[PDB]
$ cat protein-v5.cif   # mmCIF, C-alpha atoms
data_run
#
loop_
_atom_site.group_PDB
_atom_site.id
_atom_site.type_symbol
_atom_site.label_atom_id
_atom_site.label_comp_id
_atom_site.auth_asym_id
_atom_site.auth_seq_id
_atom_site.Cartn_x
_atom_site.Cartn_y
_atom_site.Cartn_z
ATOM 1 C CA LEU A 1 0.000 0.000 0.000
ATOM 2 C CA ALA A 2 2.659 2.636 0.974
ATOM 3 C CA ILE A 3 5.948 4.642 1.786
ATOM 4 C CA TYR A 4 9.062 4.107 3.817
ATOM 5 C CA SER A 5 11.354 6.893 3.216
ATOM 6 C CA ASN B 1 11.101 2.161 -6.512
ATOM 7 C CA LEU B 2 9.832 1.668 -2.889
ATOM 8 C CA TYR B 3 9.005 -1.900 -3.620
ATOM 9 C CA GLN B 4 12.689 -2.384 -4.521
ATOM 10 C CA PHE B 5 13.860 -0.150 -1.643
ATOM 11 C CA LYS B 6 11.677 -2.404 0.520
ATOM 12 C CA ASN B 7 13.441 -5.464 -0.823
ATOM 13 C CA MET B 8 16.800 -3.758 -0.378
ATOM 14 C CA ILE B 9 16.117 -3.143 3.304
ATOM 15 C CA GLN B 10 14.969 -6.755 3.678
ATOM 16 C CA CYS B 11 18.280 -8.104 2.423
ATOM 17 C CA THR B 12 20.713 -5.960 4.377
ATOM 18 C CA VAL B 13 18.767 -5.932 7.629
ATOM 19 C CA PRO B 14 17.223 -9.414 7.958
ATOM 20 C CA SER B 15 16.370 -9.399 11.588
ATOM 21 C CA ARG B 17 14.252 -6.307 11.302
ATOM 22 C CA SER B 18 10.960 -5.898 9.434
ATOM 23 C CA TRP B 19 11.080 -3.048 6.918
ATOM 24 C CA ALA B 20 7.970 -1.549 8.552
ATOM 25 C CA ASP B 21 10.209 -0.575 11.479
ATOM 26 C CA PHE B 22 11.663 2.115 9.206
ATOM 27 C CA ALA B 23 8.523 3.377 7.480
ATOM 28 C CA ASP B 24 7.604 5.708 10.378
ATOM 29 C CA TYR B 25 10.621 6.773 12.385
ATOM 30 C CA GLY B 26 12.111 10.040 13.588
ATOM 31 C CA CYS B 27 11.327 13.055 11.447
ATOM 32 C CA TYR B 28 12.836 11.657 8.043
ATOM 33 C CA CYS B 29 12.062 8.022 7.993
ATOM 34 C CA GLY B 30 8.795 7.566 6.146
ATOM 35 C CA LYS B 31 6.717 10.617 6.800
ATOM 36 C CA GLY B 32 7.997 13.671 4.900
ATOM 37 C CA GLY B 33 10.301 15.352 7.366
ATOM 38 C CA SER B 34 11.683 18.887 8.053
ATOM 39 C CA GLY B 35 13.637 19.663 11.207
ATOM 40 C CA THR B 36 16.766 18.243 12.868
ATOM 41 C CA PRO B 37 17.094 14.428 12.586
ATOM 42 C CA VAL B 38 16.295 12.937 15.992
ATOM 43 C CA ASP B 39 19.195 10.525 15.523
ATOM 44 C CA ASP B 40 21.623 8.669 13.319
ATOM 45 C CA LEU B 41 18.912 6.440 11.933
ATOM 46 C CA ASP B 42 16.904 9.608 11.267
ATOM 47 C CA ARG B 43 20.035 11.119 9.695
ATOM 48 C CA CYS B 44 20.307 8.134 7.353
ATOM 49 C CA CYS B 45 16.797 8.867 6.189
ATOM 50 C CA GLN B 46 17.355 12.624 6.016
ATOM 51 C CA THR B 47 20.256 12.031 3.655
ATOM 52 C CA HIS B 48 18.038 9.700 1.861
ATOM 53 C CA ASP B 49 15.307 12.300 1.399
ATOM 54 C CA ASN B 50 17.860 14.771 0.077
ATOM 55 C CA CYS B 51 19.153 12.240 -2.409
ATOM 56 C CA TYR B 52 15.642 11.885 -3.821
ATOM 57 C CA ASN B 53 15.214 15.655 -4.140
ATOM 58 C CA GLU B 54 18.413 15.955 -6.170
ATOM 59 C CA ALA B 55 17.295 13.038 -8.311
ATOM 60 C CA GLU B 56 14.028 14.884 -8.934
ATOM 61 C CA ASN B 57 16.123 17.462 -10.784
ATOM 62 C CA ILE B 58 16.613 14.906 -13.551
ATOM 63 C CA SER B 59 13.607 15.441 -15.830
ATOM 64 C CA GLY B 60 11.150 12.559 -15.997
ATOM 65 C CA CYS B 61 12.750 11.113 -12.868
ATOM 66 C CA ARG B 62 10.359 10.033 -10.120
ATOM 67 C CA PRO B 63 12.300 8.425 -7.193
ATOM 68 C CA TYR B 64 9.253 6.574 -5.857
ATOM 69 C CA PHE B 65 7.917 5.032 -9.054
ATOM 70 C CA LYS B 66 11.142 4.598 -10.997
ATOM 71 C CA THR B 67 12.012 0.927 -11.533
ATOM 72 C CA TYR B 68 15.745 0.379 -11.576
ATOM 73 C CA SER B 69 17.991 -2.649 -11.999
ATOM 74 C CA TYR B 70 19.612 -4.144 -8.873
ATOM 75 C CA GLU B 71 20.358 -7.394 -7.158
ATOM 76 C CA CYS B 72 21.092 -8.666 -3.680
ATOM 77 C CA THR B 73 22.961 -11.912 -3.197
ATOM 78 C CA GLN B 74 25.041 -13.448 -0.467
ATOM 79 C CA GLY B 75 24.919 -10.200 1.463
ATOM 80 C CA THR B 76 25.787 -7.932 -1.454
ATOM 81 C CA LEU B 77 23.583 -5.120 -2.711
ATOM 82 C CA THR B 78 24.441 -4.171 -6.280
ATOM 83 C CA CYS B 79 23.158 -1.510 -8.667
ATOM 84 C CA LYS B 80 23.536 -2.877 -12.191
ATOM 85 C CA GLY B 81 25.102 -1.127 -15.172
ATOM 86 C CA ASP B 82 22.092 -1.128 -17.497
ATOM 87 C CA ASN B 83 20.464 1.825 -15.586
ATOM 88 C CA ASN B 84 20.030 5.254 -17.164
ATOM 89 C CA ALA B 85 21.132 8.345 -15.249
ATOM 90 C CA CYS B 86 17.901 8.545 -13.249
ATOM 91 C CA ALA B 87 17.546 4.854 -12.371
ATOM 92 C CA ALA B 88 21.230 4.746 -11.429
ATOM 93 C CA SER B 89 20.876 7.747 -9.094
ATOM 94 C CA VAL B 90 17.743 6.383 -7.457
ATOM 95 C CA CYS B 91 19.276 2.962 -7.084
ATOM 96 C CA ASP B 92 22.335 4.380 -5.360
ATOM 97 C CA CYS B 93 20.213 6.584 -3.129
ATOM 98 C CA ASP B 94 18.283 3.570 -1.847
ATOM 99 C CA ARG B 95 21.423 1.454 -1.746
ATOM 100 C CA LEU B 96 23.355 3.949 0.375
ATOM 101 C CA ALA B 97 20.344 4.273 2.686
ATOM 102 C CA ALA B 98 19.965 0.509 3.181
ATOM 103 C CA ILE B 99 23.634 0.147 4.020
ATOM 104 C CA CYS B 100 23.257 3.122 6.377
ATOM 105 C CA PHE B 101 20.287 1.458 8.078
ATOM 106 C CA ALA B 102 22.334 -1.675 8.739
ATOM 107 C CA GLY B 103 24.921 0.257 10.706
ATOM 108 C CA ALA B 104 22.749 2.586 12.775
ATOM 109 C CA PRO B 105 21.281 1.999 16.256
ATOM 110 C CA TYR B 106 17.520 1.664 16.576
ATOM 111 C CA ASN B 107 15.686 3.634 19.266
ATOM 112 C CA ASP B 108 12.070 2.642 19.902
ATOM 113 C CA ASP B 109 11.264 6.017 21.452
ATOM 114 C CA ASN B 110 11.897 7.508 18.029
ATOM 115 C CA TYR B 111 9.420 5.291 16.207
ATOM 116 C CA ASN B 112 6.259 7.156 15.185
ATOM 117 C CA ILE B 113 6.887 10.391 17.109
ATOM 118 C CA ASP B 114 4.587 13.323 16.726
ATOM 119 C CA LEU B 115 5.485 14.875 13.462
ATOM 120 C CA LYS B 116 3.389 18.023 13.827
ATOM 121 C CA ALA B 117 4.940 19.009 17.175
ATOM 122 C CA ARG B 118 8.554 17.799 16.816
ATOM 123 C CA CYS B 119 9.008 18.642 13.107
ATOM 124 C CA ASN B 120 7.124 21.607 11.704
#
$ encode --input "protein-v5.cif" --output "structure tokens"
Amino acid sequence: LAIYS
Amino acid sequence: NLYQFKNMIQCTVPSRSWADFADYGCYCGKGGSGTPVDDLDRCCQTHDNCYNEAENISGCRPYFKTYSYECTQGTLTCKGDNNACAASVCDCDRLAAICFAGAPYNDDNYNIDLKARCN
């Protein structure tokens, strides 16, 4: 689904 | 891309789920802005900067760009076939992953208030 860095 | 960055993290830092780094300090995960709470936050900060410079390359989108890399027997490698953008992105992520593997992990710095400790 989503964002680390 | 972040799928690949994910896989990079997973091969340099086995013991620790990648999620552990998706919401840490002021620069790991959530945007950022402010002084890095710590070394692991500094790794990310540098990592955020790397992406911003990469963004200067036209048609280069650090998050969605698919580059060429491999990880075997404890070795993370950015391949030669990559164009300027993919190469840059790859190395950004690569440097970050290696940075993650050598930095301490503080639990107090996981998911801290962003709004009040980072503008």
$ resolve_selection --input "protein-v5.cif" --expression "the PyMOL selection byres ((chain B) within 7 of (chain A))" --output "list in words"
residues 2, 22, 23, 24, 28, 29, 30, 31, 45 and 49 of chain B
$ resolve_selection --input "protein-v5.cif" --expression "the PyMOL selection byres ((chain B and resi 107) around 12)" --output "list in words"
residues 21, 22, 25, 26, 38, 39, 40, 41, 42, 104, 105, 106, 108, 109, 110, 111, 112 and 113 of chain B
$ atom_distance --input "protein-v5.cif" --atom1 "CA of residue 117 (chain B)" --atom2 "CA of residue 97 (chain B)"
25.8 Å
$ resolve_selection --input "protein-v5.cif" --expression "the PyMOL selection byres ((chain B and resi 91) around 9)" --output "ChimeraX atom specification"
/B:1,4-5,63,67-70,78-80,83,86-90,92-96
$ write_last_selection --input "protein-v5.cif" --atoms "C-alpha atoms" --output "PDB file, keeping the file's coordinate frame"
ATOM      1  CA  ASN B   1      11.101   2.161  -6.512  1.00  0.00           C
ATOM      2  CA  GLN B   4      12.689  -2.384  -4.521  1.00  0.00           C
ATOM      3  CA  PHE B   5      13.860  -0.150  -1.643  1.00  0.00           C
ATOM      4  CA  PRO B  63      12.300   8.425  -7.193  1.00  0.00           C
ATOM      5  CA  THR B  67      12.012   0.927 -11.533  1.00  0.00           C
ATOM      6  CA  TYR B  68      15.745   0.379 -11.576  1.00  0.00           C
ATOM      7  CA  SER B  69      17.991  -2.649 -11.999  1.00  0.00           C
ATOM      8  CA  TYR B  70      19.612  -4.144  -8.873  1.00  0.00           C
ATOM      9  CA  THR B  78      24.441  -4.171  -6.280  1.00  0.00           C
ATOM     10  CA  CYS B  79      23.158  -1.510  -8.667  1.00  0.00           C
ATOM     11  CA  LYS B  80      23.536  -2.877 -12.191  1.00  0.00           C
ATOM     12  CA  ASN B  83      20.464   1.825 -15.586  1.00  0.00           C
ATOM     13  CA  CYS B  86      17.901   8.545 -13.249  1.00  0.00           C
ATOM     14  CA  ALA B  87      17.546   4.854 -12.371  1.00  0.00           C
ATOM     15  CA  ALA B  88      21.230   4.746 -11.429  1.00  0.00           C
ATOM     16  CA  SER B  89      20.876   7.747  -9.094  1.00  0.00           C
ATOM     17  CA  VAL B  90      17.743   6.383  -7.457  1.00  0.00           C
ATOM     18  CA  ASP B  92      22.335   4.380  -5.360  1.00  0.00           C
ATOM     19  CA  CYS B  93      20.213   6.584  -3.129  1.00  0.00           C
ATOM     20  CA  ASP B  94      18.283   3.570  -1.847  1.00  0.00           C
ATOM     21  CA  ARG B  95      21.423   1.454  -1.746  1.00  0.00           C
ATOM     22  CA  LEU B  96      23.355   3.949   0.375  1.00  0.00           C
TER      23      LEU B  96
END
$ atom_distance --input "protein-v5.cif" --atom1 "CA of residue 71 (chain B)" --atom2 "CA of residue 8 (chain B)"
8.5 Å
$ atom_distance --input "protein-v5.cif" --atom1 "CA of residue 50 (chain B)" --atom2 "CA of residue 33 (chain B)"
10.5 Å
$ axis_aligned_box --input "protein-v5.cif" --around "chain A" --padding-each-side "8 Å" --output "JSON"
{"center_x": 5.7, "center_y": 3.4, "center_z": 1.9, "size_x": 27.4, "size_y": 22.9, "size_z": 19.8}
$ closest_residue --input "protein-v5.cif" --among "B:27, B:20, B:85, B:98" --to "residue 56 (chain B)" --atoms "all atoms listed in the file"
B:85
$ closest_residue --input "protein-v5.cif" --among "B:100, B:35, B:44, B:81" --to "residue 116 (chain B)" --atoms "all atoms listed in the file"
B:35
$ build_atoms --input "protein-v5.cif" --residues "region 26-47 of chain B" --atoms "N, CA, C and O atoms" --output "mmCIF file, in the frame of the given file"
data_model
loop_
_atom_site.group_PDB
_atom_site.id
_atom_site.type_symbol
_atom_site.label_atom_id
_atom_site.label_comp_id
_atom_site.auth_asym_id
_atom_site.auth_seq_id
_atom_site.Cartn_x
_atom_site.Cartn_y
_atom_site.Cartn_z
ATOM 1 N N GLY B 26 11.540 8.709 13.509
ATOM 2 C CA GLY B 26 12.111 10.040 13.588
ATOM 3 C C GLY B 26 11.322 11.045 12.770
ATOM 4 O O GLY B 26 10.115 10.894 12.583
ATOM 5 N N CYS B 27 12.004 12.072 12.274
ATOM 6 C CA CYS B 27 11.327 13.055 11.447
ATOM 7 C C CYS B 27 11.448 12.757 9.926
ATOM 8 O O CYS B 27 10.602 13.214 9.166
ATOM 9 N N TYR B 28 12.504 11.991 9.466
ATOM 10 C CA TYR B 28 12.836 11.657 8.043
ATOM 11 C C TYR B 28 12.651 10.230 7.572
ATOM 12 O O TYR B 28 12.831 9.940 6.385
ATOM 13 N N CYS B 29 12.295 9.356 8.452
ATOM 14 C CA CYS B 29 12.062 8.022 7.993
ATOM 15 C C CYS B 29 10.582 7.842 7.749
ATOM 16 O O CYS B 29 9.805 7.757 8.695
ATOM 17 N N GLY B 30 10.182 7.798 6.484
ATOM 18 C CA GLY B 30 8.795 7.566 6.146
ATOM 19 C C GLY B 30 8.016 8.823 5.856
ATOM 20 O O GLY B 30 7.887 9.257 4.712
ATOM 21 N N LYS B 31 7.475 9.403 6.911
ATOM 22 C CA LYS B 31 6.717 10.617 6.800
ATOM 23 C C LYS B 31 7.639 11.745 6.364
ATOM 24 O O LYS B 31 8.727 11.902 6.912
ATOM 25 N N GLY B 32 7.205 12.549 5.393
ATOM 26 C CA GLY B 32 7.997 13.671 4.900
ATOM 27 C C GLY B 32 9.243 14.002 5.696
ATOM 28 O O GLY B 32 10.276 13.345 5.539
ATOM 29 N N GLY B 33 9.151 15.019 6.550
ATOM 30 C CA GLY B 33 10.301 15.352 7.366
ATOM 31 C C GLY B 33 10.326 16.796 7.912
ATOM 32 O O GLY B 33 9.370 17.242 8.553
ATOM 33 N N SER B 34 11.455 17.482 7.661
ATOM 34 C CA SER B 34 11.683 18.887 8.053
ATOM 35 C C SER B 34 11.971 19.116 9.541
ATOM 36 O O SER B 34 11.091 18.963 10.387
ATOM 37 N N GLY B 35 13.223 19.481 9.840
ATOM 38 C CA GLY B 35 13.637 19.663 11.207
ATOM 39 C C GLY B 35 14.923 18.879 11.401
ATOM 40 O O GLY B 35 15.368 18.195 10.480
ATOM 41 N N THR B 36 15.526 18.967 12.583
ATOM 42 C CA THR B 36 16.766 18.243 12.868
ATOM 43 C C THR B 36 16.499 16.755 13.095
ATOM 44 O O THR B 36 15.604 16.385 13.851
ATOM 45 N N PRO B 37 17.274 15.880 12.434
ATOM 46 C CA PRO B 37 17.094 14.428 12.586
ATOM 47 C C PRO B 37 17.245 14.040 14.048
ATOM 48 O O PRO B 37 18.252 14.371 14.677
ATOM 49 N N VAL B 38 16.249 13.348 14.590
ATOM 50 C CA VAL B 38 16.295 12.937 15.992
ATOM 51 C C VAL B 38 17.547 12.118 16.323
ATOM 52 O O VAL B 38 18.076 12.216 17.415
ATOM 53 N N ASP B 39 18.017 11.335 15.341
ATOM 54 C CA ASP B 39 19.195 10.525 15.523
ATOM 55 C C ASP B 39 19.709 9.921 14.213
ATOM 56 O O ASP B 39 19.126 10.049 13.143
ATOM 57 N N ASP B 40 20.866 9.282 14.395
ATOM 58 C CA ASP B 40 21.623 8.669 13.319
ATOM 59 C C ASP B 40 20.740 7.949 12.338
ATOM 60 O O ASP B 40 20.882 8.128 11.123
ATOM 61 N N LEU B 41 19.809 7.141 12.833
ATOM 62 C CA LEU B 41 18.912 6.440 11.933
ATOM 63 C C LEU B 41 18.013 7.459 11.227
ATOM 64 O O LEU B 41 17.581 7.239 10.100
ATOM 65 N N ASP B 42 17.728 8.574 11.887
ATOM 66 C CA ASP B 42 16.904 9.608 11.267
ATOM 67 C C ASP B 42 17.801 10.361 10.263
ATOM 68 O O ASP B 42 17.342 10.828 9.217
ATOM 69 N N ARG B 43 19.091 10.450 10.577
ATOM 70 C CA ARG B 43 20.035 11.119 9.695
ATOM 71 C C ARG B 43 20.201 10.325 8.417
ATOM 72 O O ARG B 43 20.345 10.909 7.342
ATOM 73 N N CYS B 44 20.187 8.997 8.531
ATOM 74 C CA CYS B 44 20.307 8.134 7.353
ATOM 75 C C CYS B 44 19.156 8.465 6.418
ATOM 76 O O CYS B 44 19.335 8.629 5.211
ATOM 77 N N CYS B 45 17.962 8.552 6.986
ATOM 78 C CA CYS B 45 16.797 8.867 6.189
ATOM 79 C C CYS B 45 16.872 10.279 5.642
ATOM 80 O O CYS B 45 16.594 10.489 4.468
ATOM 81 N N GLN B 46 17.263 11.242 6.477
ATOM 82 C CA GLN B 46 17.355 12.624 6.016
ATOM 83 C C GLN B 46 18.203 12.695 4.757
ATOM 84 O O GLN B 46 17.813 13.322 3.761
ATOM 85 N N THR B 47 19.364 12.045 4.803
ATOM 86 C CA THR B 47 20.256 12.031 3.655
ATOM 87 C C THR B 47 19.564 11.345 2.504
ATOM 88 O O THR B 47 19.795 11.670 1.336
#
